[PDB]
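As a starting point, one isolated chain is supplied in structure tokens, in the form deposited in one PDB entry.
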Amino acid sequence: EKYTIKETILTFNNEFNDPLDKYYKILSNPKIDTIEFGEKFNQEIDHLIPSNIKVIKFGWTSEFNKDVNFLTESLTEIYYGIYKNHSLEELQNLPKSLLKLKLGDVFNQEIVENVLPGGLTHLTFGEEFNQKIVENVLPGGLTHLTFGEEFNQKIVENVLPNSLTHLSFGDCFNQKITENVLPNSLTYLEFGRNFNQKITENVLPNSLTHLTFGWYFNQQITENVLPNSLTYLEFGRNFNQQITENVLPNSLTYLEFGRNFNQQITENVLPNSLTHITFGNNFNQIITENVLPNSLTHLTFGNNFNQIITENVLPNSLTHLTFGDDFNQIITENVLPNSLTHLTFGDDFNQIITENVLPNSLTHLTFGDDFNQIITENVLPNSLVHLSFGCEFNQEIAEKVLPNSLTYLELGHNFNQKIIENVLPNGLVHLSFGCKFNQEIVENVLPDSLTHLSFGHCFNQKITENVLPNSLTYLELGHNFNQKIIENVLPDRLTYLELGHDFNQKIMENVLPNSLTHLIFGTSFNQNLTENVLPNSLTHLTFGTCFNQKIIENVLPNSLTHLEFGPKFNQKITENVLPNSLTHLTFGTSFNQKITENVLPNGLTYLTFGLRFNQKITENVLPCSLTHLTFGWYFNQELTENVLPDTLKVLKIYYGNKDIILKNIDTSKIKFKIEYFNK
């Protein structure tokens, strides 16, 4: 039953439902233009909203259903939810200044002359609305009209305002749209699910730039139907009608087909102005020679497309080609254009790719699941910077195979071939081995450029001295990786280290480098940490599930700011073991140990206890700078005001214990905010 204020947007609780009689002062803040209400709020708001607010958003979930006849007369916007009806009295009484309105979902009465605000520009009907609209009903200056799920009434001439620019139908609308019905101002028209009528000549206006049909629309588009202003055409799921010559306008830049479209496309049907085609799922027709437009930059096939791509089929303008799930046709030499920079294959693609097949412009190559053919020397272009192999790829990679220019290499699940002296390019920045990779990585194989290196599930080989490159900043080790790290192996620029589930080997002194700031232990690590192990630059330490070793003086370094113990850590912590520098401490699920005076650094601002912490808090234990205290479910101890710090901003407690936790706290005069959580 509290409010959360943002820059201008006051949001209430989702179970708020308190009369607004005692909130006038809060809402009278002269820097708040809007109010958000949530689910359970059902209380009067007629005389309870000041002049400074310009938006009431109720969000679609609201249970608000009260008569509203007195908003402000200074509102410009209001949006209603699922349980709101109206009388037309109530519609006549929304304020003369209003610009943008969404009606309640329950509203399904017939609107007549001079009811909805004259000056209105944005109108949105609810779910249940399915009432007839006649000539001078909608405001004459309206620019945005949206119909909801159930509306299926007829629309006849001179009814839609000649100012209208965006008209979006809902699911049930399936009435004929005839000549001069749509305004000559309309730029967007979007049909919904059920709409399935012929569109003839002079029905779409010559100002229309966007047209989206929906699920069921499966009517033929003939010559001179679509306007020459049109840049955007998106068909929906069932449209499967053949599209012939002089039907698509010469200004069209975007075109997307839906699932069902599977018709042949001949010459002089795809306009030369097009830069983007996205094909449907089922599309599986032969694309012949001078069919595709010449200005095309992006081409995307569907999941069923699997037809041979022969010489000079793709334009020399094309830069992005994405294949679908089925595509599995041989690709020969002059098939892909010399402008093409991006290639993505799909799940099925598994044909050989020879010497001069891939163009010399190509920077990005993504293979599919199935792709598993040998890639030899001078196959991959010398312009390539990004290579992602998929799941089934497990072929050998020889010496001068991967181009000089390569920066990003992602190897797949099944990849488990050996990597020797000059396989990976000098210049490589990111390298990611997948699941199965478990071959030895010896010295002068990983390049001296590499900054990011990540290993997969299976990788559990030794990493010896001077294997890892000097310019490495980021190292992620995988599930099974459980080999000891020794004195001079981890490089001197490494800031980030993540150890894996299995990693449970002791760490000696001069191992973790003095550049390392971020350290992540995995599930199993449970080996004791002693003096000068952890680096004096380290800021972030995250322990995994099973780490339950006691910490002593001079172990956690005096730079450390974020510490997070894992589930099973439940060891006592005494004086000057937690560093001066600490600001965020997070106890894990099972930690249940007393805290005495002088233990948690005074500098500490965020403290979180996990599930099981249920020990008294005596005076002068909680840090003096603390701002966010979070307790766990099982914490059942009284708090007093003199044992909480003067700087506390937020206290998080379990709801079901509150009257036990705050038994000695007068909540009517706290200077902090109680956040609850529940079961």
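Under this definition, the rigid core comprises the largest set of C-alpha atoms superposing within 1.5 Å between the forms. Note that residue numbering follows the sequence shown and begins at 1.
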{"property": "Stretch with the greater mean C-alpha B-factor as recorded in the entry, comparing 390-398 against 67-75", "result": "67-75"}
{"property": "88-96 versus 251-259 - greater average Cα B-factor per the deposited record", "result": "88-96"}
{"property": "Given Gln242, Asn130, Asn268, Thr451, the residue at which the Cα B factor reaches its maximum", "result": "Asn268"}
{"property": "Deposited CA B-factor, highest of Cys458, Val159, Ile353, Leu497", "result": "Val159"}
{"property": "Chain third (lowest, middle, highest) by recorded CA B-factor, residue given as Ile277", "result": "lowest"}
{"property": "Position of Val445 among the chain's modelled residues by C-alpha B-factor, lowest, middle or highest third", "result": "highest"}
{"property": "For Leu629, the third of its chain into which the C-alpha B factor falls", "result": "lowest"}
{"property": "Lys550, C-alpha B-factor rank within chain (lowest, middle or highest third)", "result": "highest"}
{"property": "Record-listed C-alpha B factor of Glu190: chain third", "result": "lowest"}
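Another form, the form deposited in another entry, is not on view; read the next lines as being about it.
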query: Position that moves between this form and the one not shown after core superposition, taken from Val68, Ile49, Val55, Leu639, with Cα shift of 2 Å or more; finding: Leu639
query: Core-aligned C-alpha movement of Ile35 between this form and the one not shown reaching 2 Å; finding: no
